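We've got the same protein chain twice here, in two forms, each standing alone as structure tokens: structure 1 and structure 2.
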Structure 1
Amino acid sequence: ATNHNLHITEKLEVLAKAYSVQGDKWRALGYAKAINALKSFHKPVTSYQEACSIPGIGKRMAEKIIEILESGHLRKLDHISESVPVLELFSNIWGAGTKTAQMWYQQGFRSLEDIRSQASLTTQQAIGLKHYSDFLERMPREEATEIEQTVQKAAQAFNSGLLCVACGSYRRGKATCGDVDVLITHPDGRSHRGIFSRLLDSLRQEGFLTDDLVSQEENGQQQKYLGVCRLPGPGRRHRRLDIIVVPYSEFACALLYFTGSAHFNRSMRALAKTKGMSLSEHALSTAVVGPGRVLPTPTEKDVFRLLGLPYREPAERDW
């Protein structure tokens, strides 16, 4: 729909970003839920009382909204730390978070060139710094498709029955993507095994995979790769790529989880908890007693159904 409260959310996003890079994770989360609540509200917010009735907006958030309504400006925006642009600069390095960004700032570093010459870097952060510009830009939707087809083609060379899906914002119909996550499975329930490691080998040989961030991550029977790819041809940029191989049993939940968004996932976890359940990339389960009971879910719709929730197409999962 249309955001009737753009004059409000524009300013709040600045604060959310400031709180974010300063390590204040929960405070940032509150702003994010608030901003989401505002831009999905059916009309302009016009009073403190009306603001408070909205779930996700309490007194402190309502005070700010009202200030914006009354004067058109937020005072807090004029008192945000001078360090925020620099901490944001450092936080856009893959492998570096707020703790690192603060350490670097406290060491006197103020630019990427300083990090490069005076700072110690993990192998991951060195790759993040090397591809900094390319990772900051979002790719055209059409490029996410080619990357998907590249992984798909290499995978079906081992087993034609394999199924590959690109999740994330791409699956949600965004015109651009921050990165690509390709989910791979097989319907026979077994042929997905033994594919992952020699798939990555193949993709390295043809020069598609350029760097590894996490070469291998084993979570249950899921296998995950985090790395960097680059399509053939002149002018092509380095892009963030994820490859997850999952068994068919967990495909619906994995699909649901990697499609996102992260806000949406969080909301579904909360909803699951109210019905005495848990939701992960692997399954929908009854709450812990020993472990819990895995409720089987062949399709994403079965997940919504077991949660007593009307299905939402991927395009409608922004939060």
Structure 2
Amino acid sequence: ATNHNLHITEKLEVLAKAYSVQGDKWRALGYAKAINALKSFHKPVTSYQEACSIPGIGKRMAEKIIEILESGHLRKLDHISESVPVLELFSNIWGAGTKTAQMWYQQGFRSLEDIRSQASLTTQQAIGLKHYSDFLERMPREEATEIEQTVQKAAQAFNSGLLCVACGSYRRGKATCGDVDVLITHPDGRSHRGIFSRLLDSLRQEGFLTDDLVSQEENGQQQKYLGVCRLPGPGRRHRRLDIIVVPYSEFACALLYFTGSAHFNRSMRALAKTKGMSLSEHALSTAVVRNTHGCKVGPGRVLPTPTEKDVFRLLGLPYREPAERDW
């Protein structure tokens, strides 16, 4: 879908990025949703009233949209802190968010070399810094495929019945991916247990995993690994890789969650909410039991969902293919 409001959305993206790097995530979110709507509008926006009519665009956003449209500029841009470029630079380091970026900036740091030479770094941040360039690039989906096949080969050697699927943007069909998230499970509902640890060991022994950001995270019955991998061969770059092992009964909800996108997951959680349910990476459940003070006193009950279609069905929604889940 052609963007008939490019000059507009271009200036709005710069402002949104400013808010995002300085910590105002909620304000940045609002901009991102409004920007999406603009890029996909059938024609160049021509009036404030019309702008206001689009879902996601309120008075404030319409006010800026019309300003750019009629004046060609957005004055709010000329008042952006000069620090934004550096705050984005620092926040591009895996493990370093806005607060850390802010702190380093207040210490006078301005470049990556400054960081490497004078900044205090967590273990995760040091790995993120040393792979700065590799991690900022989006890999061709062809490489993500090789990464997924590598994990799957190691996994299936332990149990040929395991089901492995790369999620994230890869599953949504994008030509390039910022990372690879391999979701692993077993149809018999129990054989996924005792795989996670030895799978990581096997991949580590074979030289595929090069650094661990979080060797193991236990979220209910789900086990997650966050790390760094590199395919064999000269010229290969280091890439971000997550491996998640889950019980079959939660496979559909895990698939949906890790496939995303982050915006799609938000709309689905909100929608589940309007229907007295909650949707997480674990399951689709009925609303939690609350007391006189609207406080969690008892978990809602899990509504079994064998496949993603079941989740949409129970939510009264038409099924949506992964490629259609950017928003």
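By convention here, residues take numbers in order along the sequence of structure 1, the first being 1. For clarity, a rigid core is taken as the largest C-alpha set superposing within 1.5 Å between two forms.
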> So which one of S261, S267, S278, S40 actually moves, Cα shift of 2 Å or more between structure 1 and structure 2 once the core is superposed?
Replying inline: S40
>> So with the rigid core superposed, the C-alpha of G72 shifts by how many Å between structure 1 and structure 2?
In response: 1.9
> By how many angstrom is the CA atom of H131 displaced between structure 1 and structure 2 after fitting on the core?
Replying inline: 0.3
> How many Å does the Cα of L6 travel between structure 1 and structure 2 when the structures are matched on their rigid core?
Replying inline: 2.2
